[PDB]
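Quick notes on the structure that follows.
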Amino acid sequence: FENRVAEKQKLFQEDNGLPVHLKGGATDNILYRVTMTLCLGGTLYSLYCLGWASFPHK
Amino acid sequence: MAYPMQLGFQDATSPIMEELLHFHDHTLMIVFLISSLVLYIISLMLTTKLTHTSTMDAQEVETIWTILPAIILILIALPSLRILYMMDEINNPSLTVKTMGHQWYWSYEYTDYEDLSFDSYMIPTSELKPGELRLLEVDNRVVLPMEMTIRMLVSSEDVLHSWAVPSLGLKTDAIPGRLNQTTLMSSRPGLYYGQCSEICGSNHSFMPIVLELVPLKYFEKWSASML
Amino acid sequence: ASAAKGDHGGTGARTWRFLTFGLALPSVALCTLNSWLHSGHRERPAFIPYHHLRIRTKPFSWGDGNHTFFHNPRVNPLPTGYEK
Amino acid sequence: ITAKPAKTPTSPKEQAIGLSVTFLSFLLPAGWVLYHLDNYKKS
Amino acid sequence: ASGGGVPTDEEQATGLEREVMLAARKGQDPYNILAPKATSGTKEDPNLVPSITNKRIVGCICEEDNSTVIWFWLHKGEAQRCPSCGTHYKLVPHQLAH
Amino acid sequence: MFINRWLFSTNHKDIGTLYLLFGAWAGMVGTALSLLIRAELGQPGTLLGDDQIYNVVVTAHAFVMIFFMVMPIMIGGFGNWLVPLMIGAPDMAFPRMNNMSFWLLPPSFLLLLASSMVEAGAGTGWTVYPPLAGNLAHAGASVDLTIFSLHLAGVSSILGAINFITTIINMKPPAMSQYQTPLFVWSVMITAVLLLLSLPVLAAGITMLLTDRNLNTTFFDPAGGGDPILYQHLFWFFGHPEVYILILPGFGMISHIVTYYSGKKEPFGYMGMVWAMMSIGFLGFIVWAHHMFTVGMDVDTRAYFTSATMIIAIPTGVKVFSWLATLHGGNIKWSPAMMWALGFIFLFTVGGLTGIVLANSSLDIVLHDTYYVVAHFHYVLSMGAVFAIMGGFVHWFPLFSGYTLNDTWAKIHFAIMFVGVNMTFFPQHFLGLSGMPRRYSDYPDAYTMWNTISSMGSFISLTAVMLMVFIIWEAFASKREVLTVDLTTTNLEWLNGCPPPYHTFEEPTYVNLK
Amino acid sequence: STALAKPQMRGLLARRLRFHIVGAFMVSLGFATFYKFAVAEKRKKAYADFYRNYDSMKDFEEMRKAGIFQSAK
Amino acid sequence: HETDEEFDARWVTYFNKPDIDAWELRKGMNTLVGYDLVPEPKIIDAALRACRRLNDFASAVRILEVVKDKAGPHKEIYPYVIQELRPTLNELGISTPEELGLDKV
Amino acid sequence: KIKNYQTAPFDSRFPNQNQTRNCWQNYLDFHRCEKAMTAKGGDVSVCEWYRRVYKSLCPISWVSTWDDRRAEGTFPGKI
Amino acid sequence: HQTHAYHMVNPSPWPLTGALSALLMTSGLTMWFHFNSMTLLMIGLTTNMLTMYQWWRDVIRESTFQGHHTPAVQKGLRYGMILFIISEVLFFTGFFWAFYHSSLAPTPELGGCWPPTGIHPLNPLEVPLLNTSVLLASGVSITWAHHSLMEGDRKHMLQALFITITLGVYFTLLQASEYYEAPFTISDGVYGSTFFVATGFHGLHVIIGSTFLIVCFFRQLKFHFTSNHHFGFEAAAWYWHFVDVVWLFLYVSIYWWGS
Amino acid sequence: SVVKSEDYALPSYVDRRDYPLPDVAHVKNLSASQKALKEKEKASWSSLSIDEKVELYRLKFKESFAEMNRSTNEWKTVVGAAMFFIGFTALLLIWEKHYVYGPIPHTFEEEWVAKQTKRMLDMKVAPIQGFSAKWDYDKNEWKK
Amino acid sequence: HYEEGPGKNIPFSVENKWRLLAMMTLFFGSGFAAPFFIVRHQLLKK
Amino acid sequence: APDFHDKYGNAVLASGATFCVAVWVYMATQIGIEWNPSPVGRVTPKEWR
Ligand SMILES: CCCCCCCCCCCCCCCCCC(=O)OCC(COC(=O)CCCCCCCCCCCCCCCCC)OC(=O)CCCCCCCCCCCCCCCCC
Ligand code: HEA
Ligand code: HEA
Ligand SMILES: CCCCC/C=C/C/C=C\C/C=C\C/C=C\CCCC(=O)O[C@H](COC(=O)CCCCCCCCCCCCCCCCC)COP(=O)(O)OCCN
Ligand SMILES: CCCCCCCCCCO[C@@H]1O[C@H](CO)[C@@H](O[C@H]2O[C@H](CO)[C@@H](O)[C@H](O)[C@H]2O)[C@H](O)[C@H]1O
């Protein structure tokens, strides 16, 4: 391995106004969407499960 | 039992409950005095137009208001700990009785000589007899000899309960797997009531304790007739 | 103690490597010998259905409800005894 | 503290409406439930 | 026994961390990491309070060991005095972006 | 813009505001739960059902008031807003982890609502003792939902505490020592040290309860050799420090409010105030078995817990007298905030003194698990903690919002709440001396009179709560913008205006060493 | 027409304080004395008087005749 | 600390500084009213003459009000102090708050 | 032979509120004594004291569960 | 522009996804324990890993790539890590308390003795002694790693850190094998309960520490650490010595004294 | 005169009796005659009329001590409103008693209580002070 | 960057006092009503 | 200029006091609340056995 820290420092310091979590480029946005979709979808699912569990299934 | 509009403790039925009453009176006197002093000082600080807003020296006064309370605590702790060690002294009981908590009723076992045991359930309100107390009466009372030292042993066969009789100064938790001991001595005959004192589920409110204190000779005949 | 060795002039990488290879790994290799030696199966004890063991107040959330998570048929009996 | 006069004053009439709507928002749902307690118990 | 391959702060530190390390070598403190030392505080010898704008909050610990700090905005212009001990402060505005 | 600001926040003020909104919503749930308790008790006979439903309501009441109302408001809400402003810091040490402490609470609250919706609820008491809380006497999901709710609230406050301690040790001006920070900052750091040490013990104990319920462990089950009493030690080893956690940030706000409305530049006896809060925090870790005096503990153990518990009166009495000494000579301003603080001094003292009565294990045998304990703790919590919160809310609302309350309405609200809480709780002393137990849906007929009066009190407090909502509405509806505030030279949090800009102390304060 | 005399002008707050704190202490001893007579002594004397001639067998006989017991008719 | 006479002399000296500036005048009065006393006439006298050198009539009047306020319910103090200040009031043409109507609510 | 039993006397090895070990110890002692007597061909009646004490102290369900477990071979104490 | 040395963090979604993932895991364990389904739990485990991965990636971005970690930032992280470790020590304390409470007064159900009747403990001189020498060795090799790093020696840093991780992994495998081989299980009364819960939380912390060391390994491969600035590696070393010390207490208490 | 929010960081005016000389004058800007009055103030104050003296005071300060310390009738509104809302609370309790609470247990009926009270006395409930102590067992009546 | 100043540092609008009243009512009212509905749900179950 | 309290104070105080006293009196005495006062000096004991 050679030291490529300087290229990363230039990438993450680019003055493009992006928050750090998206500053890596297109892959950051994809991973974010996957994460937030699983969190929101999975939270809706937990509410459905709570609704199901709230009634006797006799 | 408690009577309507009661303010303080049920009248004491055992010499220990009597000590607790006198010790509470001594403590409450100290409580009323401190909180009157605080309310009074408050009103004193707030009722003048004279001011003094510059930096105030703290060391002199912190002595008084640290040593005064320490001394007062000591004047509480001394009689408190004397009574603690009293309720713990050796006494030689004439009788041992066990009570097991259950959901939701007490059972009692008197197995010094014979195998005597029975369950004790609240009288439902719709079956009270005229003059009987809602939530307090049981079908089978805990009959015990008056004027004698009795060892009570308390445990549970399911969840926690707690076996209490305010008149005698008693409350011992009922814990499955454990055998807790307390001593009971009534100075008088009569009927003494208590209620389960650890949350134990749907009928926690509805599993009372009623002791029936009578002369030894009546106790022996009752024991015999319950076998 | 001081343990029983010596160095201390300066505590550097060289000293700590000296201790990794000269003391720590050899102790591991010794304990490894010692263990891979006292290994191989010890006989399973007679089954006795003691009520304080093999507790089941609720079926486990996997398998048939009755098998612990790292059930070893050879040495873990079920509450009715060792398996076929 | 000093402060400016209200930018959007709330007259006595407006405070009476805000206060009434506030108390109703607490009283009516709980009142509805408690009033119907007997239909719930025996159901 | 030993060789290299590990970058130093001199080679690789960047952004604000590098600025603070480069200022520290010059004996300078643009990011306010050190407590400034008081002058005598008189009107001829006021504490000099650097700022990047035209006012800054000062806290004055009037005597050593006071637990109470006295806080006030110090404005560009004539020296102002601590409202509790009277010690003088003067704002010296501007610069920072080297 | 909206999502970035309010869901992705890394700003101490906005996160402080989220906690205040959350704790205000919890407060409504808590109050409703307390009114159901008192509607059942306001007449003899059975209103709601047997003890299960009644104690589900009692359990939820306590968990909501403690974990979702008082802690988020005092530590999350006031601590986040004020602590960085009071030390001239630009934010918290960990501004993004700060946001996770907040967001862990709505799901913690959801798990608690869930536990009451499923099966028959968790009717266990907020102490969640086994075996009642075990998988036989509370089969099904309610108690596990309750444990997981506490695990989330635990994690939230542990990460909170690490954030506050670090921020307060590390982010002061380089000239400011710890003995130049205001008392409220002290109170939050000390509270945070208690959270840090006590919550992990609770987490261990409720994890053992979770495994007793679902993995066939038997930590608290005598059939496997365990001991129900063990859970009580683990729980109260946390639960006693928890009660000091609920009141300490309250003591810090009281010191600032009394100082401010007395027109003083500083509290009387600062170092005695600091010493007292550290001593209380320390002593708070060695007294827990005063919650266990009837479980059958040896006599010398009961003698030690009685004496060590009493000693807390000493540092606590220092504080009370120092508050009085701060009033002394003041140019007293009778703001609604000052009235809440003066009520706090008196009513907290009363509840502390009935705590000293319970500390005597001999008399506690008779008072334990009766309404005398309920009277003690509602004086320190629903008068103490609550009056501190209301005093701090009316005092700092103009800083957080840039708008004033109508002070006459806020004084009317105080007078209602004062009458309602005292009418609720004062007669419970009589019910406790005369033997009424805790956690009862019904009582023998002799206890009717005090229960009826106590229920009427609670309805008076409901009216004050409803009025508070309307008072907040009125302030935001009329928009009276703050112009000047006095004593800024000794109250640094006001010095950036009202409300302060989003970014404050971007240029730090100047403080020289001399 | 006559000059007004010089009044005390210093320590007015400390002087009011000292006067009322001494007041509060005297009141406190007055209350401690009252309370030991109306509550504490009254209690000890109620118990002492009740028991000095108490006959427990006779107490039981009245209870038993009034029909209150399960074990004694 | 110090005797009463040394406290007063220090305050007299403070206000008697010929080139006392407006800031020192205010600081000296705002500090002085934090103490548990009503200032001696000779202190108030030195503060009124300092008002005169600063050409500030209104603050001379305000200083008389604050003497009256520091006395709280001790109503004999203010009339005694005004009595002792009369030759200074007369010499400097300071009217009291009462002669100005500024004691009306 | 030295009788008139009223109840178990105070026993200084178990002076505290928890008396669980007092019950257990006398239950063990009784059954150890009865086994030693029924071994060496002898009189079980010298064991009688322990039986009286544990009967006075021990909840009937504990005795009964311990008796079933001794009959099943699952009693975990050493007899 | 700021003129203090502290880090104002960009607004971030990871606190919210981390909180939701905590809801999904806990409602998921509930689902699993009572409604026979693993679905929520697996989604919660997944979003939790994703959150941790991005959150810590972003801390790396802010420090190594963006330079936000001035000495005052770094000093705050030191305090945070020390406090965190203190909270984990108290968590273990409550399990040690459970263990001593049950073993010091063994109740009649157990036979009134410790170990309980029918429990046959591991011999503490066999694999438990091997484990102890493993984790003590890995405290020596990680200290060699730290000194190499400070001395600027890339190759011996990677070699010592690799040796440290291999020993963590060996510990983990030895322990998995010992779990399988043990004749007593979690359901064997308070013996199995205290044994498996205390050693199992310990083993989880060994996995967590090994993961953190592996992260430091790859960051060092990528040259992220300077000979003077390397807080991630220090935090992982502190945590690692914590895990070793907890093991010494378990070994002495549960395996040796409790056998 | 007009105070502005964007003035927060500047020294400001306040009427407080413990801070009698505030950091700025109440009125900073002066009209033509107010400027002539400030010049006149530099000469002997005996030459100033009462009106001029008052007007100098009102330039420097907003309210006098008597004004800023005055009492108000606010207490009437506060005590009266609190009683009004406390009275409104009783409306809630009347509704609850009418619509929510059902009949109380039969043990509170007058004949039950009379019998229960007898039985409490026959069992000598609280015979030392609390209850039966207040009954006279010789005259068969409550002690007067 | 964000709006600063009174009425702008909060997640809810105070532009219109009546819309604000409705929002505050839904917000506090939902919290207050919930335990009564949960008690109701529990009674209606068994 | 008289403020709100000068103009309305006396009325708020008189009406509030009167309303509060009347509605609490009505609530306490006319709607069937069981206060359960002490029987001491009030109840004539009656044969129960
Ligand atoms: C709301 C219902 C009230 C019911 C009244 C009782 C009826 C008497 C019947 C008719 C009387 C007939 C005679 C029978 C005597 C039986 C003696 C007994 O058995 O003995 C035991 C009793 C004796 O107690 C009492 O003797 C009543 C206590 C009254 C204390 C004064 C405060 C009263 C304030 C005003 C009303 C309360 C609401 C606000 C209270 C504020 C919180 C303190 O039981 C208690 O322990 C309760 C005390 C609780 C401990 C907290 C104490 C701290 C209080 C604060 C100090 C305030 C200082 C200044 C004084 C405070 C000035 C404001
Ligand atoms: C902080 C704690 C707290 C508070 C404030 C309260 C408030 C009240 N509680 Fe209590 N309560 C407990 C904690 C608390 N409680 C605990 C721990 C238990 C024991 C649980 C158990 O046994 O397991 C308990 C038990 C308990 C019982 C005993 C039940 C039993 O044993 O059967 C009763 C009975 O009357 C009771 C009543 C009330 C009442 C009427 C109030 C009322 O005074 C409430 C009135 C409303 C308020 C005080 C809210 C005001 C403020 C807000 C919502 C803040 C607004 C915020 C902003 C504006 C930012 N509670
Ligand atoms: C804010 C919360 C809070 C606070 C601060 C405290 C403070 C104190 N508490 Fe309490 N307490 C609770 C909340 C709190 N408590 C709760 C929720 C419960 C029940 C838990 C449950 O079971 O659900 C409870 C239960 C509880 C019990 C157990 C009773 C039982 O269940 O049987 C005890 C016993 O010792 C106790 C004691 C004390 C004492 C000595 C203090 C001391 O810190 C108080 C010290 C203060 C003072 C003493 C007043 C000021 C001092 C002076 C003016 C000086 C002069 C005074 C003297 C010389 C005495 N409390
Ligand atoms: C190899 C060493 C590494 C340990 C990790 C092991 C893998 C399994 C899962 C992860 C467990 C980690 C957490 C600790 C939890 C408790 C039990 C785990 C210790 C363990 O693995 O014990 C096993 C039982 O596991 C069981 O039940 C397993 C039960 C599996 C379900 C996991 C329990 C989930 C609930 C945990 C809730 C966590 C609460 C944490 C709150 C944190 C505080 C805020 C032992 O197997 P056995 O067959 O009984 O005996 C061996 C017989 N031959
Ligand atoms: C603990 C906090 C609560 C304290 C007490 C709250 C006071 C309640 C306020 C009024 O609540 C309303 O009361 C009505 C009756 O007064 C109910 O109408 C009910 O009764 C009516 C008339 O008798 C019918 O007209 C309606 O259809 C019927 O639903 C109505 O639903 C309910 O919202």
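Side chains are part of it too, since the values below use all heavy atoms of this structure and drop only hydrogens, waters and symmetry mates. Letters go in sequence order (proteins before strands), and every chain restarts at 1. Whatever order the structure lists them in is the order used to number ligands and atoms, beginning at 1.
With a 4.0 Å heavy-atom cut-off, ligand 4 is reached by no atom of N214(F). Of the heavy atoms in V206(J), none comes closer than 4.0 Å to ligand 4. Within the 4.0 Å heavy-atom criterion, the part of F184(J) lying near ligand 4 is the backbone and not the side chain. Contacts with ligand 4 closer than 4.0 Å are made by no heavy atom of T199(J), backbone or side chain. Under 4.0 angstrom from ligand 1, the non-hydrogen atoms of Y379(F) all belong to its side chain. Looking at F32(B) against ligand 1, only its side chain comes within 4.0 Å, counting heavy atoms. At a heavy-atom cutoff of 4.0 Å, ligand 4 is contacted by no atom of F195(J), backbone or side chain. Proximity of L353(F) to ligand 1, defined as any heavy-atom pair under 4.0 Å, is not found for any part of the residue.
Annotation: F305(F) is in aromatic contact with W288(F) [ring centroid separation under 6.0 Å]. Aromatic ring centres of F348(F) and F387(F): separated by at least 6.0 Å. When ring centroids are compared, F92(J) and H205(J) come within the 6.0 Å threshold.
Under the 4.0 Å distance rule, the nearest protein heavy atom to atom 20 (C) of ligand 4 falls inside the cut-off. Within the 4.0 angstrom cut-off, atom 11 (C) of ligand 4 has no protein heavy-atom neighbours. Of the protein's heavy atoms, at least one falls inside 4.0 Å of atom 52 (C) of ligand 4.
When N422(F), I453(F), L347(F) are ranked by how near their heavy atoms come to atom 39 (C) of ligand 1, first place goes to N422(F). Around atom 15 (C) of ligand 4, the closest heavy atom drawn from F201(J), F91(J), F171(J) belongs to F201(J). Between atom 18 (C) of ligand 1 and the options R43(G), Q6(B), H429(F), the minimum heavy-atom separation is to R43(G). For atom 28 (C) of ligand 1, the choice among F418(F), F426(F), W450(F) with the nearest heavy atom turns out to be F426(F). The closest heavy-atom contact to atom 16 (C) of ligand 1, among the options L21(B), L7(B), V39(G), comes from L7(B). Looking at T349(F), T27(B), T354(F) and measuring to atom 51 (C) of ligand 1, the nearest heavy atom belongs to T354(F). Of the listed residues (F69(C), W62(C), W32(J)), the one carrying the non-hydrogen atom nearest atom 8 (C) of ligand 4 is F69(C).
In this structure, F219(F) and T211(F) have side chains that are in contact, with non-hydrogen atoms separated by less than 4.5 Å. Using a 4.5 Å cut-off on side-chain heavy atoms (C-beta onward), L111(F) and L152(F) make contact.
No hydrogens or angles considered: a donor-acceptor pair under 3.5 Å links the side chains of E83(C) and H71(C). Using modelled atom types and a 3.5 Å distance limit, the side chains of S361(F) and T306(F) yield a donor-acceptor pair.
When only non-hydrogen protein atoms are considered, atom 58 (C) of ligand 1 lies nearest to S36(B) OG, 3.5 Å. Remark: minimum distance from atom 23 (C) of ligand 4 to any protein heavy atom is reached at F70(C) CD1, 3.7 Å. Looking from atom 23 (C) of ligand 1 to the surrounding protein, the closest heavy atom is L28(B) CD2, 4.3 Å.
Between atom CE of residue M65(F) and atom CE of residue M71(F) there is a gap of 15.0 Å, rounded to the nearest 0.5 Å.
Closest of all the heavy-atom pairs between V318(F) and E62(B) is CG1-OE1, 3.5 Å. Across all their heavy atoms, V206(J) and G168(J) have their closest contact at CG1-O, 3.9 Å.
If you number the atoms of ligand 1 from 1 as listed, the ones under 4.0 Å from a heavy atom of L39(B) come out as 59 (C). Distances below 4.0 Å separate heavy atoms of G8(B) from the following atoms of ligand 1: 19 (O), 21 (C).
Sorted by first and then second residue, the side-chain hydrogen bond (donor to acceptor under 3.5 Å, both in side chains) pairs with a member in residues 367-376 of chain F form an empty list; sequence neighbours excluded.
Every N/O-N/O distance between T211(F) and ligand 4 stays at or above 3.5 Å.
The protein residues lying under 4.0 angstrom from ligand 3, judged by non-hydrogen atoms, are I34(B), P69(B), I72(B), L73(B), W126(F), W236(F), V243(F), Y244(F), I247(F), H290(F), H291(F), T309(F), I312(F), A313(F), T316(F), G317(F), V320(F), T349(F), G352(F), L353(F), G355(F), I356(F), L358(F), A359(F), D364(F), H368(F), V373(F), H376(F), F377(F), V380(F), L381(F), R438(F).
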